[PDB]
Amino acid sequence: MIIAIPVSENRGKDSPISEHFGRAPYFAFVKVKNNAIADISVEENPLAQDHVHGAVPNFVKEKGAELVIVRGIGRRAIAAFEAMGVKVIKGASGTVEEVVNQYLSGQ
């Protein structure tokens, strides 16, 4: 599956999870196979630009995400993901690599 994580800086697998969802400057899209990370793609969040906004959950879904791991996120975005069949896990902390591995190991 594909997991999406908003990150605040591009440090590849070590990109730190963003405190906020909608305005994160990038999203890391992580493919998982055999219960382990298979590929990490860091992409600019088009809605992080000044005065450009809207449908960020849709952009995440478009990219194939079935789950999104975040720290903070608004009720509206959570509702939008739920309405589109995307699981949301909040309150995570760590780099992209760490939070996906935590997820995969049941932590």
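Heads up: residue numbers just count along the shown sequence, starting at 1.
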| query | finding |
| --- | --- |
| Entry-level comparison of average CA B-factors, 72-80 and 49-57, reporting the higher stretch | 72-80 |
| Comparing 34-42 with 63-71, the one whose average Cα B-factor in the PDB entry is higher | 63-71 |
| Residue, from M1, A4, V7, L104, that the PDB entry assigns the highest Cα B-factor | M1 |
| Highest-ranked of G85, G12, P16, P25 once sorted by CA temperature factor in the record | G85 |
